[PDB]
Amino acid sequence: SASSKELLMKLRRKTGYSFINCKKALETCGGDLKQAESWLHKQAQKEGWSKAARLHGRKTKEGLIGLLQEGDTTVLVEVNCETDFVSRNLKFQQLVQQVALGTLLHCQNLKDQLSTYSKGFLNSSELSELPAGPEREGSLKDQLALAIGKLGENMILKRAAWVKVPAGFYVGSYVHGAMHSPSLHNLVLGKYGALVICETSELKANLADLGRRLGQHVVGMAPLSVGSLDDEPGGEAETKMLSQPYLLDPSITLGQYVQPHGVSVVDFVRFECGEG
């Protein structure tokens, strides 16, 4: 009838679940919208896990790198999916946010030093067992399941990295191929993400550009190690960061570029979505 059709559409517009799921929810709850909706949500998690198991194994080379900086902590996360159509979708991006916040909360509870910076990583397994934010329920593993059920694609919590910095240290960061999404405050998503840990007594308020530039250099030149200021320039094929031809001026090395600013590079993290 027209009345039942209206109820089905109304439940669809309201919740976003599939038409068939909405239809089964309504007939199961006697055509009662409120009950149907509640029913659908309750089934969501189960549906997700089941769907996640079915798609588990499919190639997921696309996705996003997320960068979240809160106070003196910085986290970098990689979440993969099957298509870039999904990596561009807001629902996927919201999942990445939940993964970043989940990582941030976990880190701001770990080792906090005063004399030096702290760094750490998390593999797929470790990131998955992490507690979902105080908003949702269960682990990020459960949130991933929910997203997989909502988008219909296999997805993977690939890895994470975090860094905590006391006074005397500074973190330069850059995300390349950023995606616009103003609803995810402070989070920056893209295809490449880099963190450059520095030691410096200069005020952080005067290092924003330098910080971004060091990050740009790491993304564009992909160094394999920090290297040293004592070593000689290494040409366009150099591996040691400090000896590499500076990205925005090959005439000088990265070390020669940064030294004058009263900043020394002591470590870095480079995430490229879908690498290895």
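All residue numbers are counted from 1 along the displayed sequence.
For the pair 243 to 251 and 45 to 53, the mean Cα B-factor is higher in 45 to 53. Across the two stretches, 170 to 178 and 96 to 104, the PDB entry reports the greater mean Cα temperature factor for 96 to 104. Highest C-alpha temperature factor among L130, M155, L203, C198, as the PDB entry reports it: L130. When the C-alpha B-factors of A160, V86, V79, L184 are read from the PDB record, the largest value belongs to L184. When the CA B factors of the chain's modelled residues are split into thirds, the value for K111 lands in the highest one. When all modelled residues of the chain are sorted by CA temperature factor, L8 is found within the middle third. Ranked within its chain, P223 lands in the middle third, by CA B factor from the PDB record. Among all modelled residues in its chain, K191 ranks in the lowest third by Cα B-factor.
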